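In what follows, every heavy atom counts, from backbone to side chain, and hydrogens, waters and symmetry copies are set aside. Order of appearance sets the numbers: ligands from 1, and atoms from 1 within every ligand. Along the sequence shown, the residues carry numbers beginning at 1.
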Amino acid sequence: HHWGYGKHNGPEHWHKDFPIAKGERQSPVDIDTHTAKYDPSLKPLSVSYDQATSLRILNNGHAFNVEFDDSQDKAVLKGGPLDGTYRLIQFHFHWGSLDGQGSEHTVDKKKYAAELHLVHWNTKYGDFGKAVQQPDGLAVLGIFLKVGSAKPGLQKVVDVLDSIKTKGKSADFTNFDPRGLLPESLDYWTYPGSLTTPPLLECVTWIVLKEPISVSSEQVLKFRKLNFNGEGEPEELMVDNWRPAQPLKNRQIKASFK
Ligand SMILES: O=C(O)Cc1ccc(OCc2ccccc2)cc1
Ligand SMILES: [Zn+2]
């Protein structure tokens, strides 16, 4: 497979290799704030990242992933809409060429500069590969980024990007604390959806925080210096690596807050 974000291999083409691209629970979606309903039965969200063990950062030619040790329950997401325990495996971002675009989810059609995805898998399925074959296999925590003040907790990420410029490059990335990427409030919207990249599997409970984080123009500018291409190939800047909003179909977005 040779999918990407360009004219010739972008989201409009994905359905030919990945027919589930036109499925019934695809992501992302527009979150219409006047149609999402407060759900008083949602339990409180529990983000337990105190023992998180980051290992490595990888440019995979689509984004960069910060990878965690998920061999035990070190960093987990529980509560909210979730049953059981979901283990953090990696985070990555989607971003734009310009500050007015970049997020995958939109809020009343508003696009943010970027979107962070913290990816967790359901431990009742034993491993990540098994979990993605299940409708409740993954829980992705989605956080919007807007351009304003710098995010101190992001700077370690920004500063390693020079060392993973091109596809297939990785760097050691130990002792990074993903708690520094969270906003103050954990108010969220939730709905059932999919991976937003091939293979687009319909295995995700999406939990999208209402409060964006602010990052600086300098910080996001450094995301935009990454490359989709490998070393010694023609330079294609890693920008606009976001899939646009997909049909909501027969789904309801629930709000954790009134
Ligand atoms: O957070 C996102 O963008 C969704 C997302 C989360 C995890 C992810 O992992 C890669 C992958 C999953 C299944 C099969 C092959 C590759 C791919 C997409
Ligand atoms: Zn993502």
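Side-chain atoms of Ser194 never come within 3.5 Å of backbone atoms of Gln26 as a donor-acceptor pair (strictly under, hydrogens ignored).
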For side-chain hydrogen bond (donor to acceptor under 3.5 Å, both in side chains), just list the numbers for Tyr86 and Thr205, CA-CA rounded to whole Å, side-chain angles, deciding distance to a tenth of an Å, and then say yes or no. CA-CA 11 Å; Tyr86 291 70; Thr205 301; 4.8 Å; no

Going through the checks in order, is the side-chain contact (heavy atoms from CB on, under 4.5 Å) test met by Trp95 and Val215? CA-CA 12 Å; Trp95 63 90; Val215 303; over 6 Å; no

Pair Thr190, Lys254 - check side-chain hydrogen bond (donor to acceptor under 3.5 Å, both in side chains), show working. CA-CA 5 Å; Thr190 181; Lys254 299 170 189 179; over 6 Å; no

Does the pair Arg87 and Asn122 meet the rule for a side-chain contact (heavy atoms from CB on, under 4.5 Å), with working shown? CA-CA 7 Å; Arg87 214 177 272 177; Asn122 198 330; over 6 Å; no

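Remark: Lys210 is not positioned above the aromatic ring of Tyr188, lacking an NZ or CZ atom under 6.0 angstrom from the ring centre and at most 45 degrees off the axis.
Taking all atoms of both residues into account, the shortest heavy-atom contact from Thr196 to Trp14 is O-CZ3, 3.3 Å.
Placement of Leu186 and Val119 in two distinct hydrophobic clusters is found when ILVMFWY residues are connected by side-chain heavy-atom separations under 4.5 Å, directly or transitively.
With waters left out, the protein N, O or S atoms under 2.8 Å from the Zn ion (ligand 2) add up to 3.
The residues lining ligand 1, counting any heavy atom closer than 4.0 Å, are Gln90, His92, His94, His117, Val119, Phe128, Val140, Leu195, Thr196, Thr197, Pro199.
In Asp172, the CG atom is not crowded: 12 or fewer heavy atoms of neighbouring residues, nucleotides or ligands sit closer than 6.0 Å.
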